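Shown here is one chain on its own, the form deposited in one PDB entry, set out as structure tokens.
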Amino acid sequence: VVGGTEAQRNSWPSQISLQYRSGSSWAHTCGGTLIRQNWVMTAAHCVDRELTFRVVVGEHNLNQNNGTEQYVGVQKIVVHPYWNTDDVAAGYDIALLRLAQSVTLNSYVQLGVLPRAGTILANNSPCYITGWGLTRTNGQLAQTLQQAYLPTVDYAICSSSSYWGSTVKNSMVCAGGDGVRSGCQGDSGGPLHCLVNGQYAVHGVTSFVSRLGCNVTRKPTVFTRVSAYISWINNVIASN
């Protein structure tokens, strides 16, 4: 997250870190949201690679023991069947991960609340992106969980020629685009939390940014719109 601030450690308890085994170690690769005790939602493009993955919940500092982490293997990966890896702009950038064990809930580990199907945010709605992603274009991962305030940009504006044009689809949410704050590599898969009727909900799964860089004016971060996939998600979970 570029232009973010450190999150409080009990602010975003559904945020997870998706890690892959990198020699003797594990490395953060993207974010996600805990949606059941044994299921995680992330971006499809985060699990394109044939790697060994684990989820970490209750994580705040990637490089320090917080005393709150639970580490769980990924047992099954269900990518959206219409996902096409060389076509992120087509959409369907969403995947569900079944965890080897169910995690235990506490003030650091909670289920993400999903919006109701079909819900669309008004232009300029207050939202936060969270993650451990790069803190500058071509920079390095954050140590501690970051948050940035990224007001939504509605489809009409986002899909205009000076923004994203036809690349953005109705099944996406855009947010930010001020040139200062944005998503960045390593934030993919993580949540966009938007305050609606007094309650944060996860409206977006971080999907892409410009190739011109993370924080670029009129290129708001693009998220998979979670409210477009509620049926898909429930169907997956029910059939597994």
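When you see a residue number, it is the position in the sequence shown, counting from 1.
Mean C-alpha B factor from the entry: is it higher for 43-51 or for 169-177?
Mean CA B-factor is higher for 43-51.
Which has the higher mean CA temperature factor in the PDB entry, 156-164 or 96-104?
Stretch with the greater average CA B-factor: 156-164.
Report the option among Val196, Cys30, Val57, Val202 whose CA atom has the maximum B-factor in the deposited record.
Among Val196, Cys30, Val57, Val202, the PDB entry lists the largest C-alpha B-factor for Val196.
Would you mind finding, among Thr221, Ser14, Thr224, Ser22, the residue with the largest C-alpha temperature factor in the entry?
That would be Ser22, according to the entry.
Taking only the Cα B-factors deposited for this chain, tell me whether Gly189 sits in the lowest, middle or highest third.
According to the entry, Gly189 has a C-alpha B-factor in the chain's lowest third.
For the chain shown, is the CA B-factor of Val1 in the lowest, middle or highest third of its modelled residues?
It falls in the middle third of the chain.
Among the modelled residues of this chain, does the Cα B factor of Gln37 put it in the lowest, middle or highest third?
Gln37: CA B-factor falls in the middle third of its chain.
Is the Cα B-factor recorded for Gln110 in the lowest, middle or highest third of its chain?
Middle third of the chain for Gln110's C-alpha B-factor.
Relative to the other modelled residues of the same chain, rank the CA B-factor of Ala148 and answer lowest, middle or highest third.
Tercile = lowest for this residue's CA B-factor.
The form solved in complex with a partner chain exists for this protein as well; it is not shown, and the discussion that follows is about that form.
Does every residue of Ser17, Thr33 and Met41 put a non-hydrogen atom within 4.5 angstroms of the partner chain in the deposited bound form?
No, the whole trio is out of contact, none within 4.5 Å by any heavy atom.
Only one of 208-216, 195-203, 33-41, 173-181 has heavy atoms within 4.5 Å of the partner chain in the deposited bound form; I'd like to know which.
Flagged stretch: 208-216.
Of these, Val72, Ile120, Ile157, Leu134, which has a heavy atom no more than 4.5 Å from the partner chain in the deposited bound form?
Flagged contact: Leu134.
Tell me, out of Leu111, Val103, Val88, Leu114, which residue has a non-hydrogen atom within 4.5 angstroms of the partner chain in the deposited bound form.
Looking at the other structure, the residue within range turns out to be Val88.
At 4.5 Å between heavy atoms, is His45 in contact with the partner chain in the deposited bound form?
Judged by the heavy-atom cut-off of 4.5 Å, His45 is in contact with the partner chain in the deposited bound form.
Since only the chain is shown here, I'm wondering whether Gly186 would be in contact with the partner chain in the deposited bound form (any heavy atom pair within 4.5 Å).
Yes, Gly186 lies within 4.5 Å of the partner chain in the deposited bound form.
Is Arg54 close to the partner chain in the deposited bound form, meaning a heavy atom pair under 4.5 Å apart or at it?
The answer is no: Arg54 has no heavy atom within 4.5 Å of the partner chain.
Taking the partner chain as it sits in the deposited bound form, is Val78 in contact with it (heavy atom to heavy atom, 4.5 Å or less)?
It does not: once the partner chain is placed as it appears in the deposited bound form, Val78 has no heavy atom within 4.5 Å of it.
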